[PDB]
Structure formats: structure tokens, C-alpha cells
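Remarks on the overall topology
Next come the chains, spelled out residue by residue.
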Amino acid sequence: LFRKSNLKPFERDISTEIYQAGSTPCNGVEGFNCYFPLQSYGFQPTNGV
Amino acid sequence: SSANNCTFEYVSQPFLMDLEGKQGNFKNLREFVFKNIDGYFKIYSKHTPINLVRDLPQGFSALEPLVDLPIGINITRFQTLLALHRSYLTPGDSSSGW
């Protein structure tokens, strides 16, 4: 989610560290708008188109 | 010293070794150019014999591509690989002496 820059074509972002939103140094933890770097699609089975 | 955690493999194994450890004037020169386009890491390679012993021989030659890889990874650093270990004669161990 929301990598701080843009990507170079055909590359893999293999990261775990939490992307600093709201200027928060986080130890993989939360805080003042310190959201998790990854995101999983909530594809409920047989959802809308 | 670490786990595999890898996905890519490209190896060709015609096996022979002719190291011929010598202290003579250099007659073998390899050259490798490393770069990347669109992620397609290209590695150009060439080898030639020379005559000089100490400095770099100044002439002209050409290089050609030898391998390409779809690495798809950001690259910032590189370090070379050296291999040297002595017999029992050297008391300084592998990491210690050579």
C-alpha cells in the first residue's frame, strides 16, 4: 500500500516494514495514522461485479 | 551463511578447473559489464590475452553480450568474490592467513 515513491517497471516490492503515514516512526506498530503496509483484497465469495 | 529464500535459477555446468596458481606476468584478462534496462539485467562479457605484468594494458577491443536475466529487483550495491586458502603450512587460518 502507498509506497512512498513510484515503481521501476517490472519489479517486485518484497517488504514488510510499515509505511510511515502521518510522519510516524513505527516498529511495525500503529500510532497516529500508521497504517499497515500490506492490504488483502476482501473478495467475499460471489460478490458484486 | 543464510537461507535460500530464492526463486530464480540459471546454471550451466560444464565442469573443469585449470587454476594453475602462478606468480608470472599476466596473460589473461576478463571483462564484464553489468547494467539493466526495463529490469532486463544485461551482462556483457569478453576475455583476451595480454603481455604486461603490473599495469593495465592500453589498446582497443570490443565487448559483446553474454547473458540476460529478468531479475525484477532494485539494485544499489555490489561486491566481488575472492577465494584463497593455503595448505597446513600457513598457521594463519583461512579467515586469518593466506
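Residues numbered from 1 in each chain as written, not as in the entry; some residues may be left out. Chains lettered and ligands numbered in written order. Part of a larger assembly, values for the part shown. Heavy atoms only, no water. Residues with missing side-chain atoms left out of burial classes, pairs and counts.

Chain B appears in the PDB entry as Spike glycoprotein from Severe acute respiratory syndrome coronavirus 2.

The name that the PDB entry assigns to chain A is Spike glycoprotein, with the source organism given as Severe acute respiratory syndrome coronavirus 2.

The next point concerns the overall build of chain B. Across its full length, chain B holds 0 helices and 3 strands. Written out in order from the N terminus, the α and β elements of chain B read β-β-β. Its C-alpha atoms give chain B a radius of gyration of 18 Å, clearly above 13 Å, the size a compact globule of 98 residues would have. A principal-axis box enclosing the C-alpha atoms of chain B has dimensions of 50 × 45 × 30 Å. (Helix = DSSP H or I, 4+ residues; strand = E, 2+ residues; numbered from the N terminus. Rg over C-alpha atoms; globule rule 2.2 N^0.38 Å.)

To continue, consider the interface of chain A and chain B. On the chain B side, the residues contacting the 5 residues of chain A number 5 residues. For the side of chain A that touches chain B, the residue count by class is 2 nonpolar, no polar and 3 charged. (Contact = heavy atoms within 4.5 Å. Nonpolar A, V, L, I, M, F, W, Y, C, P; charged D, E, K, R; others polar.)

We now examine the pairing of strand β1 (residues 29–37) of chain B. Remark: a regular strand shows side chains that alternate across the two faces of the sheet. Residue and element names in this part refer to chain B. Two strands pair when backbone bridges link them, and β1 and strand β2 (residues 40–48) are joined in this way by 9 bridges, in the antiparallel orientation. Looking at the pairing, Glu31 lines up with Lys46 of β2. Adjacent in sequence and paired antiparallel, β1 and β2 are bridged by 2 residues, among which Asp38 carries a positive phi angle near 60 degrees. (Pairing = 2+ DSSP bridges.)

Where nonpolar side chains cluster on the molecular surface, the patch consists of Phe10(A), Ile37(B) and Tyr40(B) and spans about 340 Å² of accessible area. For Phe10(A), a relative accessible area of 61% gives the class exposed. (Patch = residues over 30% accessible without salt bridge, like charges linked within 9 Å, V, L, I, M, F, W, Y side chains within 5 Å. Areas by Shrake-Rupley, 256 points an atom, 1.4 Å probe, with all protein chains shown as cover. Salt bridge = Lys/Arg side-chain N within 4 Å of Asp/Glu carboxyl O. Buried < 20%, exposed > 50% of the residue type's maximum accessible area, 1.4 Å probe, protein only.)

The subject of this paragraph is the pattern of salt bridges. All names here are of chain B. For the coordinates displayed, the defined rule picks out 1 salt bridge over all chains. Note that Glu20 is salt-bridged to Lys22, the shortest N-O span being 2.7 Å. Accessibility expressed as a relative area gives 58% for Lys22, which makes it exposed.

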